[PDB]
Amino acid sequence: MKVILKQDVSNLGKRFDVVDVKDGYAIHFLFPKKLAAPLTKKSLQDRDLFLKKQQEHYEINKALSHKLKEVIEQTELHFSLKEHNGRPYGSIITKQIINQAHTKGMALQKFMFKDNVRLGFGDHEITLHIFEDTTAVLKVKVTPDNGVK
Amino acid sequence: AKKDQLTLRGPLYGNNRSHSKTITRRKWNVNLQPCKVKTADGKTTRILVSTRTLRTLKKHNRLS
Amino acid sequence: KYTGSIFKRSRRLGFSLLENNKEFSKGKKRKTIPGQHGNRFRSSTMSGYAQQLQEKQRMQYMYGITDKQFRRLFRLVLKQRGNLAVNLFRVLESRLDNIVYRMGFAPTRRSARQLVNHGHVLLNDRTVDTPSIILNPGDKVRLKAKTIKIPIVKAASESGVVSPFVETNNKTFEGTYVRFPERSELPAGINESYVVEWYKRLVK
RNA sequence: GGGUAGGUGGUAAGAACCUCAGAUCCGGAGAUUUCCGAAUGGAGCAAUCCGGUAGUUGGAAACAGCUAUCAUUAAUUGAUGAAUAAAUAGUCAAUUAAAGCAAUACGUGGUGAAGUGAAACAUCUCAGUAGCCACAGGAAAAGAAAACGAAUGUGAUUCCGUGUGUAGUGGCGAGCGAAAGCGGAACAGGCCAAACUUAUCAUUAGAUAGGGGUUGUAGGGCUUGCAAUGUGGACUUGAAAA
RNA sequence: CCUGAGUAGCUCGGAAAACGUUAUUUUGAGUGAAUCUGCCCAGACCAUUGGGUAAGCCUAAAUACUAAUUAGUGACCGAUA
RNA sequence: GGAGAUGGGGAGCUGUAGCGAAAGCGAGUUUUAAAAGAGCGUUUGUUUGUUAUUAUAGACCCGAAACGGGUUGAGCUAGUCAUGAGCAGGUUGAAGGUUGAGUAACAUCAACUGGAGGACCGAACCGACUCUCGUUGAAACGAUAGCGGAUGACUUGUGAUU
RNA sequence: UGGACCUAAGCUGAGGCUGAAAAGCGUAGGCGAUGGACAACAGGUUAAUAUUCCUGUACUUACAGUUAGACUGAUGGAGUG
RNA sequence: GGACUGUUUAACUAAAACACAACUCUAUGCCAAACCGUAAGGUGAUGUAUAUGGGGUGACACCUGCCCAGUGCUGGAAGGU
RNA sequence: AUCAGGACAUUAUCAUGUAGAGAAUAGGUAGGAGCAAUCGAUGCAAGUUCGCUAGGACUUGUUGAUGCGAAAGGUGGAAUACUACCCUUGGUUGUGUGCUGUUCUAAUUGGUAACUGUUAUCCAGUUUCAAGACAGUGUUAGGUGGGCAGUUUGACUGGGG
RNA sequence: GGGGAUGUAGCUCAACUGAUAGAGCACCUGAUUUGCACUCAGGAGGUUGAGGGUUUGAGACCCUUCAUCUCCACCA
Ligand SMILES: [Mg+2]
Ligand SMILES: [Mg+2]
Ligand SMILES: [Mg+2]
Ligand SMILES: [Mg+2]
Ligand SMILES: [Mg+2]
Ligand SMILES: [Mg+2]
Ligand SMILES: [Mg+2]
Ligand SMILES: [Mg+2]
Ligand SMILES: [Mg+2]
Ligand SMILES: [Mg+2]
Ligand SMILES: [Mg+2]
Ligand SMILES: [Mg+2]
Ligand SMILES: [Mg+2]
Ligand SMILES: [Mg+2]
Ligand SMILES: [Mg+2]
Ligand SMILES: [Mg+2]
Ligand SMILES: [Mg+2]
Ligand SMILES: [Mg+2]
Ligand SMILES: [Mg+2]
Ligand SMILES: [Mg+2]
Ligand SMILES: [Mg+2]
Ligand SMILES: [Mg+2]
Ligand SMILES: [Mg+2]
Ligand SMILES: [Mg+2]
Ligand SMILES: [Mg+2]
Ligand SMILES: [Mg+2]
Ligand SMILES: [Mg+2]
Ligand SMILES: [Mg+2]
Ligand SMILES: [Mg+2]
Ligand SMILES: [Mg+2]
Ligand SMILES: [Mg+2]
Ligand SMILES: [Mg+2]
Ligand SMILES: [Mg+2]
Ligand SMILES: [Mg+2]
Ligand SMILES: [Mg+2]
Ligand SMILES: [Mg+2]
Ligand SMILES: [Mg+2]
Ligand SMILES: [Mg+2]
Ligand SMILES: [Mg+2]
């Protein structure tokens, strides 16, 4: 069925387009990740009329995403010290969402589908790298420090 | 019970006809498949629903 | 059979199918339903008969009749001698309560019928409780004395007002008549005769 | 209120009283109404046991009397509030309803056999009967044609007679058996959605509350005029009469 | 411009109607339309003709019954009934 | 209309034309090329009352072993679980240990201790192998005399449960 | 001797799960002795009651006042039971 | 004849019958196999192949021979249906 | 979602092809006259099938004038410039889906662990781990299935069998 | 009751798609060892299941049958 997509995806389309994709990748992957949107104004001719507003809507959500990027870039003070043996036992046990226990609400939201961090989420006692992707062009670099309480 | 939560449509009892038209009571069950939806601030709540309501849910934009 | 929670399901969809069928918005319409039904009529293009049908309603309503009773009276008068367009008029106007209202001791026809049914009414060769007996042109209808024992009296006055085909003396409570109502005394509220031919089709 | 000269229920005599300021008795309207029982403060082996809370009276207090309240579920509202910032889950409080029973009877729906017959038996019949369960109501159910059906045809539903044991349907066997039409009982047709429009919601409304509309010889909305102020209801409050 | 879509149809298993499943009605699984020059129906089906407007709601009366109250009746029983 | 006879109600039903599967024809019709031949027809009605038989209902009455659906039963009994209680009395004397001899050191032997055994005899207790009696009995299963087990796979009380 | 104290098998069981319906399972809580904790013995008396009535001598638990001393220490942890 | 002690047809059969320690085969890697229900749930088992379930034989001692044609079970490339 | 491969199945092109005969390895059929030839021939150079080592052919450059005896000898059902369409097969790009071996996670699953509701082995929510489009469940269709159910299993007979 | 395919030496099989039937085995002969086999090679063993139809050219392509097989169907 017909689906319009938001961001840039390796297959199918680029920014605006109409793709006939199976609901499995659409209703479970493209939609929760904000990579696509359902029938605009509930039809096709309705979609054509509303595209003259969809362009500016895409511009402003990208614009607020740039605003979101500045807010994380102005602080870089997300701090966490672990409680462990320390000398022979060093590993971050915060998983990933404990760090989001310091982003959403307190500071920039930084949703679970937005931060494209690896599956190791940092396992070091020193400065590390956090990568977050607001859009398909912006890359976010965060440097959190670690240690012993 | 084995029933949908969106609608109230439940099982359908009927006959199991075979060769020689031997009668044995059988039960057709509805396709209760888990499904998550966004209602009241998008609150996701797993709800066992019939595939028909799931198709109905998919076309009605609720399921996103 | 559990915590159905109609709020949970109704809001769950906000449109779907079942909500809109049920949509608590559902108003009352407790007067729209009754009144318009009530009774209608008008004339149309394709069947013509619309005029005839509407006239029947008016005619039947003028005396407070159910359609079944009317079919009986038409069946009775239909077979006799000939062009009986003078007979059924006497038959329709021969109602006892109609005569009681036209006699002038009741404010309205239905009130007279109520009186008749409540046993106010004394006849000649008989007495009367049922407000539907078909009376003969020259018959008397002596009113009871208990009714005068309940002076509301306001009635007697209407009696004298009368219409020429009825001869009744006020206070003395007595009545009869002759020269059955001509069409003048049956005003243009309902004065037509092709509803009559219609009843031959519907009633054999 | 009616109505009297007796009354104090039966096995029932006697003792002792009441009663003409109108008793006993009959009718209408009220008062009281222990405990168990849906039982509902908690329990429990029914007619029992053990309480909490807020009052008030005695005591010097424990305590003891005398009152009211204290179940659960659902809906609404308000307060509080996790994992986890927000927000919910959850928690608490208030208000409103529900519980159960019976009429060995009728209704609807779900579920649903077997004895038996077919001279055996499996299709079939029995029979959608018995039974089980849910929900009522004073009836219930049904109901206003995307219909019958073959015609210059009828024009909601329901019930009765006929059509007929007919057309048909059946290991074409046992069996089963209408729908039209006709004659009768009664008769009544209404109302929303969408268009269009109004006001408001970070108006992303795709939502809320109003006006407009309810159809088939198509209807309604858009624009523009004439005629209308009536008739009738399945309708609210009152007053009066029978 | 509006006239009720996972709807009407279709396929696979069942059923309701007198019918032992089939034109009509219904549904467990799957699929899936159109918008008055439209859609459904007139026992497979097609064309002509005709009939009717599905996928929204409510509807008194005639109909079914008597545990109970009042009056009454019986070619009903009269202590093994 | 009296819980009436009845009046209204002709909706319908039987007979009046039959033959053919049927369209169809008609005192004729079916078969057939046939008119011939043959089959069927070319007339005797209807509504009630009574009797007899018959069809559907339980159908003249009594009688099954059964089948299906629902409830009540583990106070007897079978098992399991929880918590308690009981086995008079008397014998046999294991493993093991100690000491001594012995062994190069073991092994082995002797004495003492120890008191185990689905151990032994035998009461209460549990069970029921035999004779006799009883067989409408004292008793819907016992009585007398014997009999087996009797510290255990034991017996039993209470409560729960299938 | 049993409740106002406690639990075993087991029962019930808000929420909750499962199931055409009735219902089944089950958490927190609550019941549930055949067990655990808890202070009275001797004698006499009536036709019928007696660690219960009477005599004699005791013990236990609460509340208030008072004297002296002491900082009191659980819905939880630990030991015993 | 049964190894034994024991258990069994309440109310005609206590035995050579059943059971028993022991032997062997088979299934089972744990959300195990197996089992009650429709399912939840539960037994197995708060166990883990030195463990659990099922079939057969039945102390101890010595032995248990041949047949894989048929049936059952396990595995198998392709090929035919 | 996806990687390839093969399944659901078999996709598109011209070469190529000896019956013999026939300067010819003719698989064809016809059509068509003259044709190559800067609408530059030729030839070797060399890639290749192939061998009835003949032939199918050629490709490209060589190149600078030979041409085409497959115009025209030529035989042949088959043909002789030139134009079409006529086919197996080498060659062309496919394999969409499932599958067949794979990878990934977001559907979904857990009788892994943790926190909260919560003084709580259940349940719910949030994670973490392990799986993963598998599994489980629904519908449809085969196989096995006395575990279970409803029934049948004749009559004559010097009684019955 | 259809649908497909097969039929070739005596047997088991190539089928030599029309430009004129072959192989192993069966059998005869020859060689072949002290003997038996074994081994090698010639010869023999074919009217192409049968009939009909068409081309100049069919066992070979078409039609019809016969027998066989595998499929389906397979409620008198
Ligand atoms: Mg049956
Ligand atoms: Mg008085
Ligand atoms: Mg039967
Ligand atoms: Mg029978
Ligand atoms: Mg109703
Ligand atoms: Mg149809
Ligand atoms: Mg039926
Ligand atoms: Mg039309
Ligand atoms: Mg419509
Ligand atoms: Mg009696
Ligand atoms: Mg007597
Ligand atoms: Mg009559
Ligand atoms: Mg003749
Ligand atoms: Mg006669
Ligand atoms: Mg027991
Ligand atoms: Mg001893
Ligand atoms: Mg012993
Ligand atoms: Mg207790
Ligand atoms: Mg005790
Ligand atoms: Mg005594
Ligand atoms: Mg023995
Ligand atoms: Mg013994
Ligand atoms: Mg015995
Ligand atoms: Mg015995
Ligand atoms: Mg399970
Ligand atoms: Mg366990
Ligand atoms: Mg074991
Ligand atoms: Mg044995
Ligand atoms: Mg033996
Ligand atoms: Mg073998
Ligand atoms: Mg096998
Ligand atoms: Mg579990
Ligand atoms: Mg799957
Ligand atoms: Mg199957
Ligand atoms: Mg079988
Ligand atoms: Mg059987
Ligand atoms: Mg039977
Ligand atoms: Mg016999
Ligand atoms: Mg014999």
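Line by line, the protein sequences give chains f, v and U.
At position 138 of the first sequence the residue is numbered 138 (the deposited numbering), and the sequence of numbers has no breaks.
Whatever position you read off the second sequence (first residue = 1), add 1 for the deposited numbering.
Whatever position you read off the third sequence (first residue = 1), add 1 for the deposited numbering.
All residues carry an ideal CB built from backbone N, CA and C; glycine is no exception.
Using the Cβ count rule (16 or more neighbours within 10 Å means buried), how would you classify residue 200 of chain U?
So residue 200 of chain U counts as buried.
Is residue 97 of chain f close to chain v? Criterion is C-beta to C-beta, closer than 7 angstroms.
False, the Cβ-Cβ gap to chain v never drops below 7 angstroms.
For residue 65 of chain v, would you say it is in contact with chain f, using Cβ-to-Cβ distances shorter than 7 angstroms as the test?
Interface residue, yes.
Whose C-alpha, out of f:125, f:146, f:15 and f:3, is nearest the C-alpha of residue 56 of chain f?
That would be f:15, whose Cα lies nearest to the Cα of residue 56 of chain f.
Are the C-beta of residue 23 of chain v and some C-beta of chain U separated by less than 7 angstroms?
No, no contact with chain U.
So, do the region 67-81 of chain f and the region 98-113 of chain f have three or more beta carbon pairs nearer to each other than 8 angstroms?
Enough Cβ pairs lie closer than 8 angstroms, so yes.
Less than 7 angstroms between the beta carbons of residue 76 of chain f and residue 142 of chain f, yes or no?
Against a cut-off of 7 angstroms, the Cβ pair of residue 142 of chain f and residue 76 of chain f comes out as a contact.
Taking Cβ-Cβ distances below 8 angstroms as the criterion, which residues of the region 15-46 of chain f are in contact with chain v?
If the cut-off is 8 angstroms between Cβ atoms, the region 15-46 of chain f has 23, 27, 31, 32, 38, 39 and 42 near chain v.
Measure the Cβ-Cβ separation of residue 83 of chain f and residue 2 of chain f and say whether it is below 7 angstroms.
It is not a contact, given that the beta carbons lie outside the stated cut-off.
Taking just the CA atoms, how far does residue 25 of chain f sit from residue 98 of chain f?
Approximately 29 angstroms, taken between the alpha carbons.
What's the gap between the Cα of residue 90 of chain f and the Cα of residue 126 of chain f?
So the alpha carbons of these two residues sit roughly 10 angstroms apart.
For residue 5 of chain v, count neighbouring C-beta atoms within 10 Å of its own C-beta (all shown protein chains included) and say buried if the count is 16 or more, exposed if not.
Classification for residue 5 of chain v: buried.
My guess is that residue 113 of chain U and residue 130 of chain U are in contact by the Cβ rule of under 8 angstroms, so how many angstroms apart are they, rounded?
Wrong, their Cβ atoms sit about 14 angstroms apart, outside the cutoff.
Within 7 angstroms of any Cβ in chain U, is that where the Cβ of residue 45 of chain v sits?
So no, residue 45 of chain v is outside the interface.
By the 10 Å Cβ neighbour count, where 16 or more other Cβ atoms means buried, how is residue 121 of chain U classified, buried or exposed?
It is buried - the Cβ of residue 121 of chain U has at least 16 other Cβ atoms within 10 Å.
Can you list the residues of chain f that residue 59 of chain v reaches, using a CB-CB cut of under 7 angstroms?
The answer, in chain order, is 23 and 27.
Which term fits residue 195 of chain U, buried or exposed, when burial requires 16 or more other beta carbons within 10 angstroms of its beta carbon?
Residue 195 of chain U should be labelled exposed.
Quick check on residue 34 of chain v: does DSSP put it in helix, strand or coil?
Of the three classes helix, strand and coil, the one that applies to residue 34 of chain v here is strand, per DSSP.
Skipping 5 residues on each side, what residues in its chain have a beta carbon closer than 8 angstroms to that of residue 20 of chain f?
Same-chain partners within the cutoff: 1, 2 and 3.
Using CA coordinates, which residue listed in U:48, U:139 and U:132 is at the minimum distance from residue 91 of chain U?
For the residues U:48, U:139 and U:132, the minimum Cα distance to residue 91 of chain U belongs to U:139.
Classify residue 51 of chain v as helix, strand or coil using the three-state DSSP reduction.
In this structure, residue 51 of chain v counts as strand in the three-state DSSP scheme.
Closer than 6 angstroms by C-beta to residue 145 of chain U: which residues in its own chain qualify, once you throw out the five before and the five after it? Chain order, please.
Within the same chain, residue 145 of chain U has close Cβ partners 121 and 123.
Just checking: is the beta-carbon of residue 13 of chain U within a distance shorter than 7 angstroms of some beta-carbon in chain v?
Chain v, which has a Cβ nearer than 7 angstroms to the Cβ of residue 13 of chain U, makes this yes.
Spell out a yes or no on whether the region 50-60 of chain U and the region 34-42 of chain U are touching, meaning 3 or more CB-CB pairs, one atom from each, closer than 8 angstroms.
Flag = yes, the region 50-60 of chain U and the region 34-42 of chain U touch.
Skipping 5 residues on each side, what residues in its chain have a beta carbon closer than 7 angstroms to that of residue 62 of chain f?
So the list reads 135, once near-sequence residues are dropped.
Whether or not the region 15-23 of chain U and the region 42-51 of chain f are in contact is what I'm after, with contact meaning three or more pairs of Cβ atoms, one per stretch, closer than 8 angstroms; do they touch?
Result no; under three Cβ-Cβ pairs closer than 8 angstroms.
From residue 9 of chain U to residue 2 of chain v, what does the alpha carbon distance come to, in whole angstroms?
Answer to the nearest angstrom: the Cα atoms are 18 angstroms apart.
Using beta carbons (cut-off 7 angstroms, strictly below), is residue 40 of chain v in contact with chain U?
Yes, its Cβ sits closer than 7 angstroms to a Cβ of chain U.
With respect to the alpha helix (DSSP H) encompassing residue 2 of chain f, which residues constitute its N-terminal and C-terminal limits?
Element bounds for residue 2 of chain f: not the alpha helix (DSSP H) but the beta strand (DSSP E), 2-5.
Out of v:15, v:25, v:19 and v:31, state which residue places its alpha-carbon closest to the alpha-carbon of residue 9 of chain v.
The residue with the shortest Cα to Cα distance from residue 9 of chain v is v:31.
From which residue to which residue does the alpha helix (DSSP H) around residue 148 of chain U run?
Where residue 148 of chain U is concerned, the enclosing alpha helix (DSSP H) stretches over 147-150.
Mind checking who residue 45 of chain v pairs with in its DSSP beta bridge?
Per DSSP, v:39.
Below 9 angstroms between beta carbons is the criterion; list the residues of the region 14-29 of chain U that meet it against any residue of chain v, in chain order.
Residues passing the 9 angstroms Cβ filter: 14, 15, 16, 17, 18 and 19.
Please state the DSSP three-state secondary structure of residue 62 of chain v.
Three-state DSSP puts residue 62 of chain v in coil, outside helix and strand.
Using a cut-off of 8 angstroms between C-beta atoms, extract the partners of residue 62 of chain v located in chain f.
Here the neighbours are 38, 39 and 42.
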